[PDB]
Amino acid sequence: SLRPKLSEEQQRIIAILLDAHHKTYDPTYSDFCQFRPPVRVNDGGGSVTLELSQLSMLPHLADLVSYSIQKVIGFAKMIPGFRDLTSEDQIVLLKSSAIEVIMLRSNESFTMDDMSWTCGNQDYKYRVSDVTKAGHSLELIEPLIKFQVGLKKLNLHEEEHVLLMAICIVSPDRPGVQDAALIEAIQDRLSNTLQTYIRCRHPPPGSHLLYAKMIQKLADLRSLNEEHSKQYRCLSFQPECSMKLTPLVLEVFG
Ligand SMILES: C=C1/C(=C\C=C2/CCC[C@]3(C)[C@@H]([C@H](C)c4ccc(C(C)(C)O)o4)CC[C@@H]23)C[C@@H](O)C[C@@H]1O
């Protein structure tokens, strides 16, 4: 069972992606106070009527997601080969993967300590009850939490985490892509980097079938993407919803 060494080029790709992530993911969440403030209405009963009437957490979470899409755009532009694509394909890939990369990158704030995304003091701790206060339902939130825990338990090296985000973005099978072959060539270069990295740098037993497990998470993300889109559609029917979102969020999901 051969373990070819990482090529000079593969090493450079990993370094570039690590740098890209460090430049676009602030692990202190220090910008979050700039978003519209979180508001948490009394909703212990999980009332859909109340949740939709108030959408109390939506301005804050929409601002968080919008900010994150901006960061993902920056990250993607640094992926080796991404700028070789036409502008049209770049935008198709970004719009189709945005929610999935947000879900992946959020794993860094997610904690199994209490099953929350913890981004600072209580104000910026986001729980399932906060997501329902933004107008989403359990059919999305429950599998989202299951996804976060499963990803956590893979114990990815940062190298593997950034590669997975890059592979997710540069996917040839997104609707509307023009040069699928070029996209696939870029993705293959990243996939080969990841497979090679796992085999020579990830110790047992966590390395066992790890690449397959990571590829399965990409399939899981497609499912969550579809469910999020259905739910966003419903949310959009609420009068005055657009003011609680952002122009970027409206474009990506509308
Ligand atoms: C973003 C990041 C973070 C959390 C992501 C969350 C927590 C709150 C609920 C969110 C935002 C989920 C929620 C279902 C969601 C995603 C998009 C939307 C809207 C409200 C736009 O429909 O709601 C998806 C990702 C979840 C914090 C930090 O890790 C940065 C990361 O980019």
# chains A, B, ... in the order shown; residues from 1 in each chain; ligands from 1
call {"tool": "closest_atom_pairs", "arguments": {"of": "region 119-174 of chain A", "to": "region 225-232 of chain A", "cutoff": "12 Å", "atoms": "only C-alpha atoms", "output": "Markdown table"}}
result
| residue | atom | partner | partner_atom | distance |
| --- | --- | --- | --- | --- |
| A:131 | CA | A:231 | CA | 11.8 |
| A:132 | CA | A:231 | CA | 11.2 |
| A:134 | CA | A:232 | CA | 10.4 |
| A:135 | CA | A:231 | CA | 8.2 |
| A:136 | CA | A:231 | CA | 6.3 |
| A:137 | CA | A:231 | CA | 7.7 |
| A:138 | CA | A:231 | CA | 10.4 |
| A:139 | CA | A:227 | CA | 7.6 |
| A:140 | CA | A:227 | CA | 6.1 |
| A:141 | CA | A:228 | CA | 9.3 |
| A:142 | CA | A:227 | CA | 11.4 |
| A:143 | CA | A:227 | CA | 9.8 |
| A:144 | CA | A:228 | CA | 9.9 |
call {"tool": "write_last_selection", "arguments": {"atoms": "C-alpha atoms", "output": "CSV table (one decimal), in the first residue's frame"}}
result
chain,number,residue,atom,x,y,z
A,131,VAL,CA,-31.9,29.2,14.3
A,132,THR,CA,-35.6,28.6,14.8
A,134,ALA,CA,-34.5,33.1,12.3
A,135,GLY,CA,-37.3,31.3,10.6
A,136,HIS,CA,-35.8,27.8,9.9
A,137,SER,CA,-37.3,24.5,11.1
A,138,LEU,CA,-36.1,21.2,12.5
A,139,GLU,CA,-36.0,19.4,9.1
A,140,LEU,CA,-32.9,21.5,8.4
A,141,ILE,CA,-31.5,22.1,11.9
A,142,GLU,CA,-31.5,18.5,13.2
A,143,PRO,CA,-29.5,17.1,10.3
A,144,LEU,CA,-27.3,20.2,10.4
call {"tool": "residues_near_ligand", "arguments": {"ligand": "ligand 1", "cutoff": "7 Å", "atoms": "only C-alpha atoms and all ligand atoms", "output": "list in words"}}
result
residues 58, 61, 62, 64, 65, 68, 99, 102, 103, 105, 106, 107, 108, 109, 110, 117, 119, 126, 131, 134, 136, 140, 141, 228, 232 and 249 of chain A
call {"tool": "select_by_dssp", "arguments": {"residues": "region 50-201 of chain A", "states": "strand (DSSP E or B)", "output": "list in words"}}
result
residues 110, 111, 116, 117, 118, 125 and 126 of chain A
call {"tool": "atom_distance", "arguments": {"atom1": "CA of residue 16 (chain A)", "atom2": "CA of residue 159 (chain A)"}}
result
10.3 Å
call {"tool": "atom_distance", "arguments": {"atom1": "CA of residue 13 (chain A)", "atom2": "CA of residue 149 (chain A)"}}
result
27.8 Å
call {"tool": "select_by_dssp", "arguments": {"residues": "region 144-240 of chain A", "states": "alpha helix (DSSP H)", "output": "PDB file with N, CA, C and O atoms, in the first residue's frame"}}
result
ATOM      1  N   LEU A 144     -28.456  19.317  10.345  1.00  0.00           N
ATOM      2  CA  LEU A 144     -27.298  20.216  10.395  1.00  0.00           C
ATOM      3  C   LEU A 144     -26.456  19.930  11.636  1.00  0.00           C
ATOM      4  O   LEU A 144     -25.223  19.876  11.566  1.00  0.00           O
ATOM      5  N   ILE A 145     -27.113  19.756  12.777  1.00  0.00           N
ATOM      6  CA  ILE A 145     -26.372  19.438  14.005  1.00  0.00           C
ATOM      7  C   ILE A 145     -25.701  18.068  13.894  1.00  0.00           C
ATOM      8  O   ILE A 145     -24.545  17.889  14.296  1.00  0.00           O
ATOM      9  N   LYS A 146     -26.416  17.102  13.329  1.00  0.00           N
ATOM     10  CA  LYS A 146     -25.823  15.780  13.132  1.00  0.00           C
ATOM     11  C   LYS A 146     -24.573  15.892  12.252  1.00  0.00           C
ATOM     12  O   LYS A 146     -23.558  15.244  12.518  1.00  0.00           O
ATOM     13  N   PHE A 147     -24.655  16.723  11.217  1.00  0.00           N
ATOM     14  CA  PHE A 147     -23.525  16.957  10.320  1.00  0.00           C
ATOM     15  C   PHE A 147     -22.343  17.556  11.081  1.00  0.00           C
ATOM     16  O   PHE A 147     -21.199  17.107  10.929  1.00  0.00           O
ATOM     17  N   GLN A 148     -22.615  18.547  11.929  1.00  0.00           N
ATOM     18  CA  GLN A 148     -21.535  19.207  12.666  1.00  0.00           C
ATOM     19  C   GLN A 148     -20.803  18.230  13.587  1.00  0.00           C
ATOM     20  O   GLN A 148     -19.574  18.240  13.665  1.00  0.00           O
ATOM     21  N   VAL A 149     -21.561  17.391  14.285  1.00  0.00           N
ATOM     22  CA  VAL A 149     -20.971  16.401  15.182  1.00  0.00           C
ATOM     23  C   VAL A 149     -20.152  15.367  14.400  1.00  0.00           C
ATOM     24  O   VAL A 149     -19.033  15.032  14.783  1.00  0.00           O
ATOM     25  N   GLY A 150     -20.698  14.883  13.290  1.00  0.00           N
ATOM     26  CA  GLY A 150     -19.991  13.910  12.473  1.00  0.00           C
ATOM     27  C   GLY A 150     -18.670  14.452  11.951  1.00  0.00           C
ATOM     28  O   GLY A 150     -17.650  13.757  11.930  1.00  0.00           O
ATOM     29  N   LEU A 151     -18.693  15.709  11.526  1.00  0.00           N
ATOM     30  CA  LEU A 151     -17.497  16.372  11.021  1.00  0.00           C
ATOM     31  C   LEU A 151     -16.491  16.567  12.157  1.00  0.00           C
ATOM     32  O   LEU A 151     -15.284  16.325  12.004  1.00  0.00           O
ATOM     33  N   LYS A 152     -16.989  16.978  13.320  1.00  0.00           N
ATOM     34  CA  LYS A 152     -16.133  17.138  14.485  1.00  0.00           C
ATOM     35  C   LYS A 152     -15.369  15.860  14.769  1.00  0.00           C
ATOM     36  O   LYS A 152     -14.167  15.886  15.034  1.00  0.00           O
ATOM     37  N   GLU A 158      -6.062  20.861  10.077  1.00  0.00           N
ATOM     38  CA  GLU A 158      -6.479  22.075   9.374  1.00  0.00           C
ATOM     39  C   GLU A 158      -6.230  21.935   7.867  1.00  0.00           C
ATOM     40  O   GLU A 158      -7.033  22.394   7.050  1.00  0.00           O
ATOM     41  N   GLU A 159      -5.128  21.278   7.507  1.00  0.00           N
ATOM     42  CA  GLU A 159      -4.815  20.996   6.107  1.00  0.00           C
ATOM     43  C   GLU A 159      -5.974  20.299   5.378  1.00  0.00           C
ATOM     44  O   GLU A 159      -6.309  20.641   4.236  1.00  0.00           O
ATOM     45  N   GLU A 160      -6.569  19.311   6.037  1.00  0.00           N
ATOM     46  CA  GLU A 160      -7.676  18.550   5.464  1.00  0.00           C
ATOM     47  C   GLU A 160      -8.959  19.382   5.393  1.00  0.00           C
ATOM     48  O   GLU A 160      -9.718  19.288   4.428  1.00  0.00           O
ATOM     49  N   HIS A 161      -9.179  20.192   6.425  1.00  0.00           N
ATOM     50  CA  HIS A 161     -10.333  21.089   6.508  1.00  0.00           C
ATOM     51  C   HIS A 161     -10.345  22.103   5.361  1.00  0.00           C
ATOM     52  O   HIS A 161     -11.376  22.303   4.698  1.00  0.00           O
ATOM     53  N   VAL A 162      -9.205  22.738   5.107  1.00  0.00           N
ATOM     54  CA  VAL A 162      -9.144  23.730   4.031  1.00  0.00           C
ATOM     55  C   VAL A 162      -9.227  23.082   2.644  1.00  0.00           C
ATOM     56  O   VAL A 162      -9.843  23.636   1.724  1.00  0.00           O
ATOM     57  N   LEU A 163      -8.631  21.903   2.498  1.00  0.00           N
ATOM     58  CA  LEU A 163      -8.753  21.160   1.251  1.00  0.00           C
ATOM     59  C   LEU A 163     -10.211  20.792   0.981  1.00  0.00           C
ATOM     60  O   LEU A 163     -10.682  20.893  -0.152  1.00  0.00           O
ATOM     61  N   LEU A 164     -10.930  20.377   2.021  1.00  0.00           N
ATOM     62  CA  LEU A 164     -12.325  19.973   1.848  1.00  0.00           C
ATOM     63  C   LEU A 164     -13.171  21.164   1.399  1.00  0.00           C
ATOM     64  O   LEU A 164     -14.032  21.026   0.529  1.00  0.00           O
ATOM     65  N   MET A 165     -12.925  22.332   1.986  1.00  0.00           N
ATOM     66  CA  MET A 165     -13.643  23.535   1.565  1.00  0.00           C
ATOM     67  C   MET A 165     -13.342  23.871   0.103  1.00  0.00           C
ATOM     68  O   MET A 165     -14.246  24.219  -0.653  1.00  0.00           O
ATOM     69  N   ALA A 166     -12.077  23.751  -0.296  1.00  0.00           N
ATOM     70  CA  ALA A 166     -11.695  24.026  -1.687  1.00  0.00           C
ATOM     71  C   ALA A 166     -12.335  23.041  -2.666  1.00  0.00           C
ATOM     72  O   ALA A 166     -12.829  23.433  -3.726  1.00  0.00           O
ATOM     73  N   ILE A 167     -12.318  21.761  -2.310  1.00  0.00           N
ATOM     74  CA  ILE A 167     -12.910  20.726  -3.149  1.00  0.00           C
ATOM     75  C   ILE A 167     -14.414  20.977  -3.292  1.00  0.00           C
ATOM     76  O   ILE A 167     -14.988  20.818  -4.372  1.00  0.00           O
ATOM     77  N   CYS A 168     -15.046  21.392  -2.199  1.00  0.00           N
ATOM     78  CA  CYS A 168     -16.481  21.684  -2.212  1.00  0.00           C
ATOM     79  C   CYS A 168     -16.817  22.797  -3.220  1.00  0.00           C
ATOM     80  O   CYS A 168     -17.774  22.695  -3.991  1.00  0.00           O
ATOM     81  N   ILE A 169     -16.011  23.851  -3.215  1.00  0.00           N
ATOM     82  CA  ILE A 169     -16.221  24.997  -4.102  1.00  0.00           C
ATOM     83  C   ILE A 169     -15.985  24.635  -5.568  1.00  0.00           C
ATOM     84  O   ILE A 169     -16.799  24.957  -6.437  1.00  0.00           O
ATOM     85  N   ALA A 180     -16.907  22.293 -17.515  1.00  0.00           N
ATOM     86  CA  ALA A 180     -16.867  21.238 -16.512  1.00  0.00           C
ATOM     87  C   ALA A 180     -15.514  20.521 -16.479  1.00  0.00           C
ATOM     88  O   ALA A 180     -15.042  20.122 -15.410  1.00  0.00           O
ATOM     89  N   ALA A 181     -14.894  20.351 -17.646  1.00  0.00           N
ATOM     90  CA  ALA A 181     -13.620  19.641 -17.717  1.00  0.00           C
ATOM     91  C   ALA A 181     -12.511  20.377 -16.971  1.00  0.00           C
ATOM     92  O   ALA A 181     -11.730  19.762 -16.246  1.00  0.00           O
ATOM     93  N   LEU A 182     -12.441  21.691 -17.150  1.00  0.00           N
ATOM     94  CA  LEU A 182     -11.437  22.491 -16.458  1.00  0.00           C
ATOM     95  C   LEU A 182     -11.687  22.482 -14.952  1.00  0.00           C
ATOM     96  O   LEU A 182     -10.758  22.329 -14.163  1.00  0.00           O
ATOM     97  N   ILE A 183     -12.944  22.645 -14.556  1.00  0.00           N
ATOM     98  CA  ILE A 183     -13.296  22.598 -13.136  1.00  0.00           C
ATOM     99  C   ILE A 183     -12.876  21.255 -12.526  1.00  0.00           C
ATOM    100  O   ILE A 183     -12.300  21.207 -11.428  1.00  0.00           O
ATOM    101  N   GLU A 184     -13.158  20.173 -13.244  1.00  0.00           N
ATOM    102  CA  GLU A 184     -12.791  18.835 -12.783  1.00  0.00           C
ATOM    103  C   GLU A 184     -11.270  18.676 -12.670  1.00  0.00           C
ATOM    104  O   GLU A 184     -10.775  18.020 -11.753  1.00  0.00           O
ATOM    105  N   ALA A 185     -10.525  19.282 -13.592  1.00  0.00           N
ATOM    106  CA  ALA A 185      -9.063  19.224 -13.535  1.00  0.00           C
ATOM    107  C   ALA A 185      -8.530  19.916 -12.282  1.00  0.00           C
ATOM    108  O   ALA A 185      -7.624  19.411 -11.614  1.00  0.00           O
ATOM    109  N   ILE A 186      -9.104  21.072 -11.966  1.00  0.00           N
ATOM    110  CA  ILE A 186      -8.722  21.813 -10.771  1.00  0.00           C
ATOM    111  C   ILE A 186      -9.092  21.010  -9.526  1.00  0.00           C
ATOM    112  O   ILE A 186      -8.287  20.868  -8.598  1.00  0.00           O
ATOM    113  N   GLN A 187     -10.301  20.463  -9.512  1.00  0.00           N
ATOM    114  CA  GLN A 187     -10.738  19.684  -8.354  1.00  0.00           C
ATOM    115  C   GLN A 187      -9.866  18.450  -8.151  1.00  0.00           C
ATOM    116  O   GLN A 187      -9.495  18.133  -7.023  1.00  0.00           O
ATOM    117  N   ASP A 188      -9.540  17.763  -9.243  1.00  0.00           N
ATOM    118  CA  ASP A 188      -8.719  16.550  -9.167  1.00  0.00           C
ATOM    119  C   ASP A 188      -7.360  16.837  -8.549  1.00  0.00           C
ATOM    120  O   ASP A 188      -6.838  16.030  -7.779  1.00  0.00           O
ATOM    121  N   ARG A 189      -6.780  17.975  -8.914  1.00  0.00           N
ATOM    122  CA  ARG A 189      -5.499  18.407  -8.358  1.00  0.00           C
ATOM    123  C   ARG A 189      -5.621  18.568  -6.834  1.00  0.00           C
ATOM    124  O   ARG A 189      -4.732  18.174  -6.081  1.00  0.00           O
ATOM    125  N   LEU A 190      -6.738  19.131  -6.385  1.00  0.00           N
ATOM    126  CA  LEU A 190      -6.993  19.285  -4.956  1.00  0.00           C
ATOM    127  C   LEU A 190      -7.281  17.943  -4.275  1.00  0.00           C
ATOM    128  O   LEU A 190      -6.790  17.681  -3.177  1.00  0.00           O
ATOM    129  N   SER A 191      -8.105  17.113  -4.911  1.00  0.00           N
ATOM    130  CA  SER A 191      -8.438  15.797  -4.373  1.00  0.00           C
ATOM    131  C   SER A 191      -7.193  14.925  -4.227  1.00  0.00           C
ATOM    132  O   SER A 191      -7.015  14.230  -3.220  1.00  0.00           O
ATOM    133  N   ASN A 192      -6.334  14.951  -5.236  1.00  0.00           N
ATOM    134  CA  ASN A 192      -5.096  14.183  -5.178  1.00  0.00           C
ATOM    135  C   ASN A 192      -4.206  14.673  -4.044  1.00  0.00           C
ATOM    136  O   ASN A 192      -3.582  13.875  -3.352  1.00  0.00           O
ATOM    137  N   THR A 193      -4.159  15.989  -3.852  1.00  0.00           N
ATOM    138  CA  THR A 193      -3.415  16.559  -2.731  1.00  0.00           C
ATOM    139  C   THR A 193      -3.952  16.010  -1.408  1.00  0.00           C
ATOM    140  O   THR A 193      -3.185  15.587  -0.547  1.00  0.00           O
ATOM    141  N   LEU A 194      -5.272  15.999  -1.260  1.00  0.00           N
ATOM    142  CA  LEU A 194      -5.895  15.522  -0.025  1.00  0.00           C
ATOM    143  C   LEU A 194      -5.641  14.031   0.224  1.00  0.00           C
ATOM    144  O   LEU A 194      -5.284  13.628   1.334  1.00  0.00           O
ATOM    145  N   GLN A 195      -5.843  13.208  -0.800  1.00  0.00           N
ATOM    146  CA  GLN A 195      -5.616  11.767  -0.645  1.00  0.00           C
ATOM    147  C   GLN A 195      -4.167  11.480  -0.253  1.00  0.00           C
ATOM    148  O   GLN A 195      -3.902  10.656   0.623  1.00  0.00           O
ATOM    149  N   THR A 196      -3.241  12.179  -0.894  1.00  0.00           N
ATOM    150  CA  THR A 196      -1.818  11.991  -0.627  1.00  0.00           C
ATOM    151  C   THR A 196      -1.468  12.466   0.784  1.00  0.00           C
ATOM    152  O   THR A 196      -0.776  11.768   1.526  1.00  0.00           O
ATOM    153  N   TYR A 197      -1.956  13.650   1.156  1.00  0.00           N
ATOM    154  CA  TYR A 197      -1.753  14.164   2.509  1.00  0.00           C
ATOM    155  C   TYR A 197      -2.215  13.161   3.571  1.00  0.00           C
ATOM    156  O   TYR A 197      -1.481  12.852   4.505  1.00  0.00           O
ATOM    157  N   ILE A 198      -3.444  12.672   3.443  1.00  0.00           N
ATOM    158  CA  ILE A 198      -3.982  11.732   4.432  1.00  0.00           C
ATOM    159  C   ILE A 198      -3.075  10.508   4.591  1.00  0.00           C
ATOM    160  O   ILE A 198      -2.791  10.059   5.709  1.00  0.00           O
ATOM    161  N   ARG A 199      -2.600   9.977   3.474  1.00  0.00           N
ATOM    162  CA  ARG A 199      -1.813   8.754   3.513  1.00  0.00           C
ATOM    163  C   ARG A 199      -0.424   8.936   4.127  1.00  0.00           C
ATOM    164  O   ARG A 199       0.094   8.012   4.751  1.00  0.00           O
ATOM    165  N   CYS A 200       0.180  10.109   3.967  1.00  0.00           N
ATOM    166  CA  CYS A 200       1.514  10.248   4.526  1.00  0.00           C
ATOM    167  C   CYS A 200       1.596  11.070   5.814  1.00  0.00           C
ATOM    168  O   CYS A 200       2.581  10.949   6.542  1.00  0.00           O
ATOM    169  N   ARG A 201       0.559  11.842   6.128  1.00  0.00           N
ATOM    170  CA  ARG A 201       0.621  12.733   7.287  1.00  0.00           C
ATOM    171  C   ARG A 201      -0.445  12.533   8.356  1.00  0.00           C
ATOM    172  O   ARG A 201      -0.390  13.171   9.406  1.00  0.00           O
ATOM    173  N   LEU A 210     -10.512   7.635   5.886  1.00  0.00           N
ATOM    174  CA  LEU A 210     -10.824   9.043   6.119  1.00  0.00           C
ATOM    175  C   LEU A 210     -11.231   9.788   4.847  1.00  0.00           C
ATOM    176  O   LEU A 210     -12.150  10.611   4.866  1.00  0.00           O
ATOM    177  N   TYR A 211     -10.554   9.515   3.737  1.00  0.00           N
ATOM    178  CA  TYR A 211     -10.912  10.201   2.497  1.00  0.00           C
ATOM    179  C   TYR A 211     -12.362   9.894   2.116  1.00  0.00           C
ATOM    180  O   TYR A 211     -13.129  10.796   1.772  1.00  0.00           O
ATOM    181  N   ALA A 212     -12.747   8.624   2.205  1.00  0.00           N
ATOM    182  CA  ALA A 212     -14.127   8.236   1.896  1.00  0.00           C
ATOM    183  C   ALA A 212     -15.124   8.934   2.816  1.00  0.00           C
ATOM    184  O   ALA A 212     -16.190   9.384   2.371  1.00  0.00           O
ATOM    185  N   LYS A 213     -14.790   9.015   4.099  1.00  0.00           N
ATOM    186  CA  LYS A 213     -15.652   9.708   5.052  1.00  0.00           C
ATOM    187  C   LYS A 213     -15.812  11.189   4.687  1.00  0.00           C
ATOM    188  O   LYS A 213     -16.898  11.745   4.820  1.00  0.00           O
ATOM    189  N   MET A 214     -14.733  11.820   4.224  1.00  0.00           N
ATOM    190  CA  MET A 214     -14.777  13.238   3.830  1.00  0.00           C
ATOM    191  C   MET A 214     -15.627  13.444   2.582  1.00  0.00           C
ATOM    192  O   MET A 214     -16.412  14.393   2.495  1.00  0.00           O
ATOM    193  N   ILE A 215     -15.472  12.551   1.612  1.00  0.00           N
ATOM    194  CA  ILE A 215     -16.298  12.598   0.409  1.00  0.00           C
ATOM    195  C   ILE A 215     -17.783  12.415   0.746  1.00  0.00           C
ATOM    196  O   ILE A 215     -18.639  13.067   0.154  1.00  0.00           O
ATOM    197  N   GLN A 216     -18.091  11.550   1.710  1.00  0.00           N
ATOM    198  CA  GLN A 216     -19.477  11.390   2.166  1.00  0.00           C
ATOM    199  C   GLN A 216     -20.044  12.691   2.753  1.00  0.00           C
ATOM    200  O   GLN A 216     -21.210  13.026   2.545  1.00  0.00           O
ATOM    201  N   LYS A 217     -19.220  13.430   3.489  1.00  0.00           N
ATOM    202  CA  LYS A 217     -19.660  14.718   4.025  1.00  0.00           C
ATOM    203  C   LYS A 217     -20.018  15.705   2.913  1.00  0.00           C
ATOM    204  O   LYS A 217     -20.925  16.522   3.070  1.00  0.00           O
ATOM    205  N   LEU A 218     -19.312  15.636   1.789  1.00  0.00           N
ATOM    206  CA  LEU A 218     -19.656  16.485   0.649  1.00  0.00           C
ATOM    207  C   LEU A 218     -21.048  16.131   0.111  1.00  0.00           C
ATOM    208  O   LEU A 218     -21.809  17.009  -0.301  1.00  0.00           O
ATOM    209  N   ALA A 219     -21.377  14.843   0.114  1.00  0.00           N
ATOM    210  CA  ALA A 219     -22.703  14.402  -0.314  1.00  0.00           C
ATOM    211  C   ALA A 219     -23.771  14.858   0.684  1.00  0.00           C
ATOM    212  O   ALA A 219     -24.855  15.308   0.286  1.00  0.00           O
ATOM    213  N   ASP A 220     -23.460  14.760   1.975  1.00  0.00           N
ATOM    214  CA  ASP A 220     -24.355  15.258   3.021  1.00  0.00           C
ATOM    215  C   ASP A 220     -24.665  16.735   2.819  1.00  0.00           C
ATOM    216  O   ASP A 220     -25.794  17.176   3.041  1.00  0.00           O
ATOM    217  N   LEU A 221     -23.650  17.503   2.430  1.00  0.00           N
ATOM    218  CA  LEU A 221     -23.826  18.942   2.225  1.00  0.00           C
ATOM    219  C   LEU A 221     -24.809  19.261   1.105  1.00  0.00           C
ATOM    220  O   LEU A 221     -25.517  20.267   1.175  1.00  0.00           O
ATOM    221  N   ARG A 222     -24.843  18.420   0.071  1.00  0.00           N
ATOM    222  CA  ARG A 222     -25.782  18.612  -1.031  1.00  0.00           C
ATOM    223  C   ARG A 222     -27.205  18.526  -0.504  1.00  0.00           C
ATOM    224  O   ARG A 222     -28.068  19.311  -0.881  1.00  0.00           O
ATOM    225  N   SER A 223     -27.443  17.563   0.377  1.00  0.00           N
ATOM    226  CA  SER A 223     -28.758  17.380   0.977  1.00  0.00           C
ATOM    227  C   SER A 223     -29.164  18.589   1.822  1.00  0.00           C
ATOM    228  O   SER A 223     -30.291  19.085   1.726  1.00  0.00           O
ATOM    229  N   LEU A 224     -28.245  19.059   2.658  1.00  0.00           N
ATOM    230  CA  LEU A 224     -28.506  20.239   3.476  1.00  0.00           C
ATOM    231  C   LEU A 224     -28.733  21.483   2.622  1.00  0.00           C
ATOM    232  O   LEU A 224     -29.534  22.353   2.978  1.00  0.00           O
ATOM    233  N   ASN A 225     -28.012  21.577   1.507  1.00  0.00           N
ATOM    234  CA  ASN A 225     -28.160  22.697   0.580  1.00  0.00           C
ATOM    235  C   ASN A 225     -29.595  22.730   0.063  1.00  0.00           C
ATOM    236  O   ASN A 225     -30.275  23.759   0.112  1.00  0.00           O
ATOM    237  N   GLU A 226     -30.061  21.582  -0.411  1.00  0.00           N
ATOM    238  CA  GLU A 226     -31.414  21.484  -0.950  1.00  0.00           C
ATOM    239  C   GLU A 226     -32.471  21.843   0.094  1.00  0.00           C
ATOM    240  O   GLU A 226     -33.422  22.570  -0.199  1.00  0.00           O
ATOM    241  N   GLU A 227     -32.312  21.339   1.312  1.00  0.00           N
ATOM    242  CA  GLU A 227     -33.268  21.644   2.374  1.00  0.00           C
ATOM    243  C   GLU A 227     -33.215  23.123   2.757  1.00  0.00           C
ATOM    244  O   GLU A 227     -34.250  23.762   2.959  1.00  0.00           O
ATOM    245  N   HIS A 228     -32.017  23.681   2.849  1.00  0.00           N
ATOM    246  CA  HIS A 228     -31.931  25.108   3.142  1.00  0.00           C
ATOM    247  C   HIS A 228     -32.663  25.941   2.085  1.00  0.00           C
ATOM    248  O   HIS A 228     -33.358  26.909   2.409  1.00  0.00           O
ATOM    249  N   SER A 229     -32.513  25.574   0.816  1.00  0.00           N
ATOM    250  CA  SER A 229     -33.136  26.335  -0.261  1.00  0.00           C
ATOM    251  C   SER A 229     -34.664  26.310  -0.143  1.00  0.00           C
ATOM    252  O   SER A 229     -35.330  27.335  -0.323  1.00  0.00           O
ATOM    253  N   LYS A 230     -35.217  25.147   0.172  1.00  0.00           N
ATOM    254  CA  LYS A 230     -36.666  25.037   0.352  1.00  0.00           C
ATOM    255  C   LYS A 230     -37.117  25.963   1.473  1.00  0.00           C
ATOM    256  O   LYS A 230     -38.099  26.691   1.333  1.00  0.00           O
ATOM    257  N   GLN A 231     -36.382  25.941   2.580  1.00  0.00           N
ATOM    258  CA  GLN A 231     -36.751  26.735   3.746  1.00  0.00           C
ATOM    259  C   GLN A 231     -36.558  28.228   3.526  1.00  0.00           C
ATOM    260  O   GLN A 231     -37.334  29.043   4.027  1.00  0.00           O
ATOM    261  N   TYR A 232     -35.520  28.587   2.783  1.00  0.00           N
ATOM    262  CA  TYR A 232     -35.302  29.986   2.450  1.00  0.00           C
ATOM    263  C   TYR A 232     -36.472  30.501   1.601  1.00  0.00           C
ATOM    264  O   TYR A 232     -36.919  31.644   1.756  1.00  0.00           O
ATOM    265  N   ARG A 233     -36.964  29.662   0.696  1.00  0.00           N
ATOM    266  CA  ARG A 233     -38.123  30.037  -0.107  1.00  0.00           C
ATOM    267  C   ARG A 233     -39.315  30.438   0.765  1.00  0.00           C
ATOM    268  O   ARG A 233     -39.937  31.480   0.531  1.00  0.00           O
ATOM    269  N   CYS A 234     -39.629  29.608   1.758  1.00  0.00           N
ATOM    270  CA  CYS A 234     -40.722  29.876   2.703  1.00  0.00           C
ATOM    271  C   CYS A 234     -40.498  31.175   3.452  1.00  0.00           C
ATOM    272  O   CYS A 234     -41.394  32.008   3.567  1.00  0.00           O
ATOM    273  N   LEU A 235     -39.290  31.322   3.979  1.00  0.00           N
ATOM    274  CA  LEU A 235     -38.904  32.494   4.730  1.00  0.00           C
ATOM    275  C   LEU A 235     -39.162  33.746   3.894  1.00  0.00           C
ATOM    276  O   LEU A 235     -39.687  34.747   4.383  1.00  0.00           O
ATOM    277  N   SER A 236     -38.829  33.671   2.613  1.00  0.00           N
ATOM    278  CA  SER A 236     -38.952  34.816   1.713  1.00  0.00           C
ATOM    279  C   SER A 236     -40.400  35.264   1.502  1.00  0.00           C
ATOM    280  O   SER A 236     -40.644  36.398   1.096  1.00  0.00           O
TER     281      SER A 236
END
call {"tool": "closest_residue", "arguments": {"among": "A:21, A:178, A:52, A:44", "to": "residue 73 (chain A)", "atoms": "only C-alpha atoms"}}
result
A:21
call {"tool": "closest_residue", "arguments": {"among": "A:55, A:2, A:209, A:20", "to": "residue 241 (chain A)", "atoms": "only C-alpha atoms"}}
result
A:55
call {"tool": "decode", "arguments": {"residues": "region 233-239 of chain A", "atoms": "N, CA and C atoms", "output": "PDB file, in the first residue's frame"}}
result
ATOM      1  N   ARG A 233     -36.964  29.662   0.696  1.00  0.00           N
ATOM      2  CA  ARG A 233     -38.123  30.037  -0.107  1.00  0.00           C
ATOM      3  C   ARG A 233     -39.315  30.438   0.765  1.00  0.00           C
ATOM      4  N   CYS A 234     -39.629  29.608   1.758  1.00  0.00           N
ATOM      5  CA  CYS A 234     -40.722  29.876   2.703  1.00  0.00           C
ATOM      6  C   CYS A 234     -40.498  31.175   3.452  1.00  0.00           C
ATOM      7  N   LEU A 235     -39.290  31.322   3.979  1.00  0.00           N
ATOM      8  CA  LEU A 235     -38.904  32.494   4.730  1.00  0.00           C
ATOM      9  C   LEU A 235     -39.162  33.746   3.894  1.00  0.00           C
ATOM     10  N   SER A 236     -38.829  33.671   2.613  1.00  0.00           N
ATOM     11  CA  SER A 236     -38.952  34.816   1.713  1.00  0.00           C
ATOM     12  C   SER A 236     -40.400  35.264   1.502  1.00  0.00           C
ATOM     13  N   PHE A 237     -41.355  34.375   1.777  1.00  0.00           N
ATOM     14  CA  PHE A 237     -42.775  34.719   1.640  1.00  0.00           C
ATOM     15  C   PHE A 237     -43.248  35.638   2.773  1.00  0.00           C
ATOM     16  N   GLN A 238     -42.461  35.748   3.840  1.00  0.00           N
ATOM     17  CA  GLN A 238     -42.880  36.578   4.966  1.00  0.00           C
ATOM     18  C   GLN A 238     -42.784  38.066   4.605  1.00  0.00           C
ATOM     19  N   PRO A 239     -43.904  38.801   4.699  1.00  0.00           N
ATOM     20  CA  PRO A 239     -43.814  40.233   4.380  1.00  0.00           C
ATOM     21  C   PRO A 239     -42.704  40.939   5.161  1.00  0.00           C
TER      22      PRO A 239
END
